[PDB]
Amino acid sequence: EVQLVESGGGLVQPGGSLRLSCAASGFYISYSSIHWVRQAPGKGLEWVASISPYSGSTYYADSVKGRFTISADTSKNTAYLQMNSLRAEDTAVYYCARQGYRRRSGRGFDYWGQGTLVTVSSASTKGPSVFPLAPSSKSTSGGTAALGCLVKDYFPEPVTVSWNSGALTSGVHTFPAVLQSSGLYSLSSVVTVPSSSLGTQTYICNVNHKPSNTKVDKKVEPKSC
Amino acid sequence: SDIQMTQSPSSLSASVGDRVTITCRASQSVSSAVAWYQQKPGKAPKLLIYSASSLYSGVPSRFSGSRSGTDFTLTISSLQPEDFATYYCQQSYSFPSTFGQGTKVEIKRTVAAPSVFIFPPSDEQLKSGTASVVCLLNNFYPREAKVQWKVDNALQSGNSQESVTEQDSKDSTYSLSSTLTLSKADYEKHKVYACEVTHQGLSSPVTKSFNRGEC
RNA sequence: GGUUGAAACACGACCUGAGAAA
């Protein structure tokens, strides 16, 4: 199956360097143009660079010319994006895209990778503190209860929150992270469950912040009052 | 001077079966080297239309593109529940390639009132010196809503953050969380902590409140 | 320039053209 796999992303200091890789499978990159397209968090796609199949000619967006270098290793079936003099404006999810075959898809990008997240900041990595959002209602209120976990003060994105080790997926709402004034991210993950489930069902929120290598499981229980 | 792609509208809410049209105007001649893409939240874009009007293999025939000089249109004949995403146009006539700003297509449904919940800060967090009061608005439509924090009838401003989810895949509703952040010294100087919510689906503002230590 | 060769430029072929057109 034709696929592109990006790698090499992560947290890097402004002015530092980072080399992104794009491993291709199911096809050979030597017969296609390979493009890099990025997407800052919450914005649109922005073309970055491309390399031509047979001449090796490279093209760059005006915002990255001179700082970025795209290349392809046909023996490794992998494209690269050498990024230097990185700025906060370069913080984005970086996709590598195959330009399709001319007769079959013109110049459209027919195959995209999953993308790799590049975060350019001088902020240090920080694991999140997880606090419980205890449900107010009782086990016999007869309604629907709401409980959650507060994932607070972490950097950088992303963090993952599951409930009962992924077994609880209905009614769960994991809000997007919001950047606080302190520069650390914070979000809440809530879930609505039947009030009759309190006691018969246990609720564990599983918070995984891979950049800081933090795994925290917090038990959300009805408050003792 | 490189080419610009002005995409309009930036967003639109439409129902299933509607006929939606997304337009892109190139600042200069791009011939027909225009492509249209569909991107689901958190996922990679997918090719829909290439060469302005040609349908990419595997894409259903309800998607169609057309060229009128420098005007390019993406048309979904009958909107399907899986067609709701962000759509981008791209010119590949000359380098540097440029994308349109995008158009997020969201499903329009009936108005739903938010279920409001208030959560006091856990005992563990004040031990850390910070208090976070969270107010939850669950499953409402439309997304617009007014969330106000009042402590001892005093309005708060500049110390709370809002976060809204994407449109839910099942009931097509939104959820909102408002988090009032205070220090322990500022949290204990007050008594009543109220969350006032105003939404068009409500006849009047709803208020969920609590007191420090009130169970 | 266009079309194509897994191919926007470079390269090969083809087409138009006085000339692929510095």
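Below, all heavy atoms of this structure are taken into account, side chains as well, without hydrogens, waters or symmetry copies. In what follows, every chain begins at residue 1, and chains take the letters A, B, ... in the order their sequences are listed.
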Write down the distance between CG (A/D110) and P (C/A6), rounded to a whole number of angstrom.
15 Å
A/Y54 OH to C/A13 P, in whole Å, measures 16 Å
Checking B/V30, B/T23, B/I22 against B/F72 for side chain to side chain contact (heavy atoms under 4.5 Å, CB included), the one that qualifies is B/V30
What distance, rounded to whole Å, do you find between the two P atoms, one in C/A21 and one in C/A6?
24 Å
Atom pair distance, as rounded to whole Å: CZ in B/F95 and P in C/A7:
13 Å
Across the strands shown, which category fits A/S30 at heavy-atom distances under 4.0 angstrom: base, sugar-phosphate, nothing?
nothing
Kindly indicate, with the supporting measurements, whether the criterion ring-ring contact (aromatic ring centres under 6.0 Å, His included) is fulfilled by A/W47 and A/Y59.
CA-CA 10 Å; A/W47 183 81; A/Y59 306 92; 7.4 Å; no
Base, sugar-phosphate alone, or nothing: which one does B/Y93 contact when heavy atoms must sit under 4.0 Å apart?
base
Return the value, rounded to whole Å, for the distance between atom CD1 of A/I51 and atom P of C/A10.
16 Å
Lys NZ or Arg CZ of B/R143 over B/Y174 ring: under 6.0 Å, within 45°
yes
Integer-rounded Å distance: C/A8 P and B/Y50 OH
16 Å
Would you measure the distance from the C1' atom in C/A7 across to the matching atom in C/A18 and give it in whole Å?
29 Å
In whole angstroms, the gap separating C1' of C/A7 from CD1 of A/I34 amounts to 13 Å
When rounded to whole Å, the CZ to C1' distance for the pair A/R104 and C/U4 reads 14 Å
Polar pair under 3.5 Å, donor/acceptor by atom type, side chain A/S55, base C/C11
no
With a 4.0 Å cut-off on heavy atoms, is A/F27 in touch with a base, just the backbone sugar-phosphate, or nothing at all?
nothing
Closest to side chain of B/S97, choosing from C/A6, C/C9, C/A8:
C/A8
Separation of the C1' atoms in C/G2 and C/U16, to the nearest angstrom:
8 Å
Does C/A18 have its sugar in the north or the south range once you look at the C1'-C2'-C3'-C4' torsion?
north
Heavy-atom donor-acceptor pair, A/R102 side-chain to C/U4 base, under 3.5 Å:
yes
When the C1' atoms of C/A13 and C/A22 are considered, how many whole Å apart are they?
23 Å
Nearest-angstrom distance from the residue atom CZ of A/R107 to P of C/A6:
17 Å
A/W112 and B/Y37: CA distance, side-chain angles, deciding distance, ring-ring contact (aromatic ring centres under 6.0 Å, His included) verdict
CA-CA 11 Å; A/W112 297 64; B/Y37 300 88; 5.5 Å; yes
Separation between the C1' atoms of C/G1 and C/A8, rounded to whole Å:
13 Å
Expected list for residues 146-156 of chain A: side-chain donor-acceptor pairs under 3.5 angstrom, two or more places apart:
unit_1, atom_1, unit_2, atom_2, d
A/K152, NZ, A/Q180, OE1, 3.4
A/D153, OD1, A/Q180, NE2, 2.8
A/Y154, OH, A/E157, OE1, 3.0

Would you indicate, from the sign of the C1'-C2'-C3'-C4' dihedral, whether C/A8 has a north or a south sugar?
south
Is the closest side-chain heavy-atom distance between A/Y185 and A/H209 below 4.5 Å?
no
Inter-nucleotide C1' distance (C/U3, C/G17), Å rounded:
15 Å
Heavy atoms under 4.0 Å, any strand shown: does A/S52 hit a base, just sugar-phosphate, or nothing?
base
Taking only N and O in the side chain of A/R103, is any of them less than 4.0 Å away from OP1 or OP2 of C/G5?
yes
